[PDB]
Amino acid sequence: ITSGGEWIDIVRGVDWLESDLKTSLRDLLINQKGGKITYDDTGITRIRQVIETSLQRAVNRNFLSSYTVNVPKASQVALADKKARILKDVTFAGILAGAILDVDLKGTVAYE
Amino acid sequence: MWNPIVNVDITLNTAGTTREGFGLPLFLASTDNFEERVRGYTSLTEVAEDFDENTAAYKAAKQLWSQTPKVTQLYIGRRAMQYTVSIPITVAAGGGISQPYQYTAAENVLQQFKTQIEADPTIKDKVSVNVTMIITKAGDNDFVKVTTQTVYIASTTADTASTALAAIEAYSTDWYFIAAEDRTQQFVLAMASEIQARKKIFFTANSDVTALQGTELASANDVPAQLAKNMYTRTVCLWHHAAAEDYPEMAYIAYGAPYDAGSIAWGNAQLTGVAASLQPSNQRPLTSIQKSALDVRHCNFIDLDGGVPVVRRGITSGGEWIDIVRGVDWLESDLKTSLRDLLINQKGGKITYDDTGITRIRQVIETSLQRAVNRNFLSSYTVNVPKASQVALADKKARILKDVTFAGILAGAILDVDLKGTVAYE
Amino acid sequence: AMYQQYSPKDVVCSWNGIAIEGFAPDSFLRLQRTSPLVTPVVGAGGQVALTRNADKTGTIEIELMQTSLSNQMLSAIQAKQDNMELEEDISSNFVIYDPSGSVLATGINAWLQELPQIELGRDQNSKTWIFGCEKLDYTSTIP
Amino acid sequence: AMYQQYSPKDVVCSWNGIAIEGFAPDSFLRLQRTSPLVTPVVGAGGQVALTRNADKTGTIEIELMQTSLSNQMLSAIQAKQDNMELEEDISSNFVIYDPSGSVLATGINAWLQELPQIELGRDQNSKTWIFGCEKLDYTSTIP
Amino acid sequence: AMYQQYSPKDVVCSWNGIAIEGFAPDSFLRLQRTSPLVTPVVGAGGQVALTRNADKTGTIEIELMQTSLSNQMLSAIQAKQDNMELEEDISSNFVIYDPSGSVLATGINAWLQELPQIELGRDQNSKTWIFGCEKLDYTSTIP
Amino acid sequence: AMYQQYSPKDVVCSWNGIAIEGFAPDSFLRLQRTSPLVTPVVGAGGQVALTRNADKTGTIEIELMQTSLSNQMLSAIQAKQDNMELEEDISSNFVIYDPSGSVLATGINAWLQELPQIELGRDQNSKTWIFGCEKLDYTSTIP
């Protein structure tokens, strides 16, 4: 365990998960070599898809067990963001699996 | 600044969702931690900064946010304060004006302090001093504080319910539920009488053991009985042993506040982390006779169906269900907003004083009542309006429309069941 | 009161990072489970015992117009996956966005299963693409 | 924006060096694969494993008018191939030219598989010729 | 009333400290005794005398998917046991956990007896592993 | 998660330096051991003692299409081995390459044991070649 009480496994898994999300979204945003990701619901759903896929990659490892994702509607985004060409308000949640490291045991012996 | 192409801030703190509904809570407490007469917060973390864990203004906020989904916002009001000094200083005023005072080695010392204060040309006019010693408001000052071991200090609320309520309303009118830290018989009754003349709801608790005995309301004279006798339909009273220094009223408020008006029932409510009403003497749940004694007073309580605590009935002191009161208030607000939106936005035109203009108002009133019918709050309604050919000419000069009326019918719900059966070989 | 209104215009499908557009005039989407949830067994005497099937796969059939540009993207994606080692992954979540909530399912680890049949005549004929999924999850907005 | 326009007039089919003309009033061309791309297998516990089929053959059905002159050419070509040794080759690429891009497939090493049924009545009935192909290749204009 | 419901998903097998997973689509487990409990003998005059067999061994056949990862573990375990002295023990209890109680037996001192046959085709074929046991014990929840 | 995907296309067999190709439509490969690993013995009193068989030979049956060109190579190889002295070696390792890991065995010192039966009809019939091996070794990727 770390000095803060958190298992090393949790810390390292969270860091890897962040790195995987960062790489997947980077690969989506790059490689638009001749097109756009328009600032409407069609473009937002494409980002939802990659976030969900990258979280499913973690669920497959048995690191997580379930997750959820929420994204904003393109019809209610402030116009400052549309000029800055940035997307905000994306969030997600997850749940951890766990493991076993110790055992407690009791028994009895008798003639009957 | 430079921002990464993808930014990811992952954390380990679980979080829950909030919700928005009709009405927001306000907690009126005796405090001096800020100058404004009303200040808002959005989470318990913000409340912890201004207040310590042992203050009632913190317990009330802690109870409120225990329920799920959360309430969006919470307001805290400040009561007027008076300070007292004795012999077993620093004086502050609105605007950050502070002046220290000192005398070196009791009436002589108190008079020395009084003379120093009354001689100071900066802070004296905003406060008052009198001989123990007493310090109160003066002039425009709405805030005053005294702090300081050869001198002792004390504090006490120095206003009535009427004055505090008026002073807080003259600052912020955005709140529906109101609860109070003070639980004395006089203040509670005064606040109940004041809120009756307003479209607000006053939640209060009680732990008076004299309320658990006697079924005749005529002879009883505790606070719940007096509230019931006055038919204060806008007052909700809850009986709970821990009402001495804890505030379950806020949990009860948060139970139904997050939801829409007129579409829920406040009875049989389940509150998280709140124990049942226990007899103070032996810490056992109330007997049926004590529950009946509370019932005749129109006072609520936390019952046990056998393994689960649930607030029962959920009625105001006047006998009217909380749901009806809140739904009627929401309906009025909706009508007020819809007609306001019609009357405004005539930016370049008129609503002529003839039948063509009157039918347009009929239309919006009907639509706003249909909005309530869709919630299953009402079941049917009717509207009547005057003819433009028979309106008095004084109204046409005043540019006002009168004689509009409507009616509605309520839906209802089910909260209890009665059952009978038989068993036989045949 | 009346229920929420359906609108085909505000339905968006996505898979493998691309958006699928150009829905056909009729029946442009279908979702279905492969097996039922329960399978009763009845003895000669009338007793009943229930079997709870573990299979949860499904199929997603999306149908597009004849000249839609999304047909080229899927063909180009399929051509790439034929020249990849077995160790490389080919599955991705099939996400459907519908503000009316008339679609209750999403495809977990979906793959491309079949190619459209091509027919030509005096008029335009649609093209059907078929997908699979490891688990066709039915969810809802909790009341 | 709107997609590209379809035009039956500008569709040309070719095979064995001849051009096939005289399309029927309706449904004059069909293309289809013999087997799907993937075949899932589900265990009793719900696990999934995918089988990737190697078969890629297909069929091309082209339908012509009753009195079209292209019927004679195909009969004459078929008659020649019956009197050829097995060592001689009988397959050729089936090329379809379509400027609208509504057809995404071409036939690699196609052969003649069936002869049309002949029917006569008060009106004219079409004649269907069926071909095979070693590999029905789906291609696209790379976006 | 109706009996308890069967669920293949909640069946777990274990042996040698590892968990065996990836059950085949059908008939993934079988248990059987080697000999019957009694063997009657009838004389020429009709008299009957009963012989009570002492044998209680059995066989446990567990069948898995073609690409299941539990196949590698069993091969790796078998490879180790071939390079061990005869004095070292190779038997272990075969424990089956089933919340529905449809399986009434457990394997005492089970050993690996046979290796799966391997076959390949267009589709996936299962692999059967066979075990023995000193005493196939039938137990029940005492009414 | 889901297991690895099987693909008949990426399976390669080799023996005697040549590659064997042209697999039949179904069941083109089979592997099997000659004898089981253990043979229990039970006394009249119920005691059990285990016999560990030393035999580890096996058989590899590979089945090919009727007109596959790999049939000629095997016939040509067999013809050579009939005109060789007994001192010359005729065995070689039978190596199977499968990226999915669905085949767990390899043939050590395999030999040609039988020739295919030949049958002709309206359609094409497959041809089965049978091999032996000194030791059919089961291996795995160590977890």
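First chain written, first letter: the chains are A, B, C, D, E and F, and each begins at residue 1.
Everything that follows uses one rule, which is that a residue touches a chain if its C-beta (ideal position, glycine included) is under 8 Å from a C-beta of that chain, and two chains touch if they have at least 3 such contacts.
A quick map from chain label to UniProt name: B = Structural protein.
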Per-chain Cα centre nearest the global Cα centre, belonging to chain = A
If you tally the C-beta contacts for A-B and for C-D, which one comes out higher?
-> C-D
If every chain is reduced to the average of its C-alpha atoms, which one ends up farthest from chain F?
-> B
Distance from the mean Cα position of chain F to that of chain E, given in whole angstrom | 28
Rounded to the nearest Å, the gap separating the Cα centres of chain A and chain F is 47
Distance from chain F to chain C - Cα centre to Cα centre, in angstrom | 41
If you average the Cα atoms of chain B and of chain D to get two centres, how far apart are those centres in Å?
-> 78
Check: chain A positions touching at least 2 other chains come out as none
Would you please write down the residue numbers of chain D that are in contact with two or more other chains?
-> 42, 44-53, 143
Residue numbers on chain C that touch chain E, as the complex places them | 47-54
Provide the residue numbers of chain E that touch chain D in the complex, in ascending order.
-> 8-9, 11, 21-26, 28, 65-68, 122-124
Considering the complex alone, what residue numbers of chain E touch chain C?
-> 2-9
Chain F partner, complex, touching residues on chain C are 85-87, 91, 109, 134
Tell me, which parts of chain A touch chain B in their complex?
-> 6, 10, 14, 17-18, 21-22, 25-26, 29, 86, 93
